[PDB]
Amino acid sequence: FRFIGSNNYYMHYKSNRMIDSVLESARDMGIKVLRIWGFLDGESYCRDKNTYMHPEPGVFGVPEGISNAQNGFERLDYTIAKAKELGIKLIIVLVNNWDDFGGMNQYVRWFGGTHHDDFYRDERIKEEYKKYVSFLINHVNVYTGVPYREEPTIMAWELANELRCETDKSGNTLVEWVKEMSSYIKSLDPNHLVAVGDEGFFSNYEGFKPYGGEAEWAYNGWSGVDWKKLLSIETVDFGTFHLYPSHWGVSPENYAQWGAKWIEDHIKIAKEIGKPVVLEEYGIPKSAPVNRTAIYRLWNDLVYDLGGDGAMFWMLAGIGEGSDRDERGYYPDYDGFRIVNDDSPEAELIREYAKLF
């Protein structure tokens, strides 16, 4: 099973029309796997989207006494039931490293901590995360009758989007937390694959240095992630990595070759450990002084030729509505990475590669 995939983060709070548009676009473009968020933590973030998943500890769904709100488990149920009809597989991520949709810091606020990385260490936080993930994995989809634990449309659970632990540059904190949480998920759900959902950073491996000396922090362990150690965990089934040279400090003339080396290095390491590897997010800003389509082609060619299992661009969007609608009626390109099912050279390249993978 090898694939072109993509990401979309709004499948748990937008309307049926907007969810159908993304999944129909995925089917029409040949995109086989979509990576989505399965979290919405904190009362303020839930209220901002009028959609509730985990507004406070021990509260899963809409708080008693709030009317006129969406339940994010019902929206995820609709997305999964539509994906199942349309033949799209889903990777569902269970918490965010970052503050968007609450993330780890929202759990730290609930529990009175004093740093983001307390998420990995405080047993009261770890217990709440386990309570959330058990509620979600056991949830019965209201459109199919099948609990997520038994739903083959879900390809994989991921522990945490872009997890980092800068306060422990040994990597040991995240190894312990990934072991504990991936084993916990396998105890709830023996059917599904589990992966971490991290960016793929290395921790000073002999003979692995960055192209051109740029973005060295991604190679030298600064984020607290030791990807090779994480991939060697028994209860982790496949490796994930992300790729954003512009955000990471690479110069425009080096984006293509930095990316190419990062892909080569990850596939070489995963192939030696003997597990599958997915480039699950990548992006070049639309405004970069290089040809974005040509960089995407290069990177997809490398994943394909070197035997990586998947390449997933960030990100696919569909039609928009309300205050998220741009000059053509689509959900807007807010970050400079959006691709839609149109006549752009990026859209055409994805349609071409989805026939190859």
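When you see a residue number, it is the position in the sequence shown, counting from 1.
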Mean C-alpha temperature factor, higher of 299 to 307 and 36 to 44: 299 to 307
Mind pulling up the entry and telling me whether 259 to 267 or 93 to 101 has the higher mean Cα temperature factor? 259 to 267
From the list 152, 224, 200, 207, select the residue with the highest C-alpha B factor recorded in the entry. 207
For residue 10, the third of its chain by CA B-factor is the lowest
Hey, what third does residue 347 fall into on Cα B-factor, ranked over its chain? highest
Name the third of the chain's ranked CA B-factors that contains residue 236, choosing lowest, middle or highest. middle
Could you say whether, by C-alpha temperature factor, residue 179 belongs to the lowest, middle or highest third of its chain? middle
Third of chain Cα B-factors occupied by residue 128: middle
